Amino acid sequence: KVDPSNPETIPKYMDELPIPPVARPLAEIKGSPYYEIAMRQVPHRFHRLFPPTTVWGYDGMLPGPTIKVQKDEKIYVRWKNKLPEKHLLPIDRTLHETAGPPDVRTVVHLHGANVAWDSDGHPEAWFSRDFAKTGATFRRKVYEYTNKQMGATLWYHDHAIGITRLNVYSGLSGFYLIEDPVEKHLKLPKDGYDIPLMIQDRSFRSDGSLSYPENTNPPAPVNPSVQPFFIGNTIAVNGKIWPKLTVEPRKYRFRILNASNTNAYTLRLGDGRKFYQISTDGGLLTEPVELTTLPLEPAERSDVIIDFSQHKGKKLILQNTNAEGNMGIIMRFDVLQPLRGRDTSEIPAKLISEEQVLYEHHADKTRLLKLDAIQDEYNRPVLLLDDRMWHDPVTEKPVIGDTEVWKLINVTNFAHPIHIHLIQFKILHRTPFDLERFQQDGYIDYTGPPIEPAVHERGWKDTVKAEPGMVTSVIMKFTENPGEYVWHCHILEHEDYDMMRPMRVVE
């Protein structure tokens, strides 16, 4: 008997990985596509032998439909809250905007978008059902995505203040792909050989319902209470637990996204088989990079090419080397489909034809930004950026035209994936420091030389693993779109209490 709450009873590899359908526009105005995407409560089956689970899905599907655009192609999206009045999951009423009704508030952030602030999905721009109540920064029912950025695998997800962890866990995320003009003249695997992989950890009650904590263990006196992490006991890809993908012995492009609330994975293919990275969060690399492991924190993504042609007749497990047991397994590739005509795809010698260089010594401004926790009056951790809470006066006010270096000083014992909106950055380096000395008097005593970014994280990025006991330095240049944005940890349990700060980009 399969008990959804007991992962040892779940037979792995029973579900063929699904491909989310592509969103179709409802209209086109003067050449601009118009989409209408409604958030709905629906059943979704996470495993062949599970009962249906009630979830929240964009257009009633999990993952949400994949939106595809060209670079520089302006589109309009009316994101609609068509959800019930009561939440699926427990709400901590001590957080932002959760004291009373409306409980079900939504706003959609296109993660990685170069977009004007009023279509960025600001956390205070949320709306209840049919826009009946709206947050203070609400501006547009119909968002406008101008897409003036390098081609990339982006993703969209809920960002409503105080409940982002709940709305994303309930199912509100999907892929958004910007095609670069270069790709038309490359021969990357395409069409059915270009497959997105949304990796997420989940836990379930015995009746198949989504399980999310009511409180910590041991419990806080607040009920329900936020917990500063969520680690599931199953891994799903594209909404199916421990699936298989039946592939031909040829090359595929996989668009790999960690859309988990907290958990990070280190991907390994079979017995350390090689695969070829072609993009990071922000777009294509200069040239493919040979990898045998791929670490991904929440919100990080990378596109890779895997060649199955030398693996005909094999089944290869995609491992998560961060964990033992069942959580060490993501999915299985079954190289068992007969080849459907010749593989004409190629791993190219170069991907893009231009690269923008940013130099640390050209920085117009340098920010030292601590990642830490305090204890609240209930003895719960509050995760904080720069000693400040969300509602404290804005301190990050980057100026258009300026090059900035941000130094993320992680004084906690765990990594935090820090996401900066509107821009893409390059990781400069990480440098270890003496944690106890910093705790004593705030002096940064470096205990070793700077370490370069690892080989899989050298492209343009918007989410960076800030390692504990290290200063992680990133570099960026602000070029357009002044307005009200944010930066935050992408562990959603941290973002919601309270590890998010305003970023006011100014002219």
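Numbers follow the displayed sequence, beginning with 1.
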| query | finding |
| --- | --- |
| Entry-level comparison of average CA B-factors, 389-397 and 324-332, reporting the higher stretch | 389-397 |
| Stretch with the greater mean C-alpha B-factor as recorded in the entry, comparing 23-31 against 64-72 | 23-31 |
| Out of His87, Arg78, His421, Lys350, residue topping the C-alpha B-factor column of the entry | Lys350 |
| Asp103, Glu436, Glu144, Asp194, ranked by C-alpha B-factor: the highest one | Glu436 |
| Third of chain Cα B-factors occupied by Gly313 | highest |
| Third of the chain's Cα B-factor distribution that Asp59 belongs to, per the entry | lowest |
| Cα B factor band for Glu452 (lowest, middle or highest third within the chain) | highest |
| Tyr212, C-alpha B-factor rank within chain (lowest, middle or highest third) | lowest |
| Third of chain Cα B-factors occupied by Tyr359 | highest |
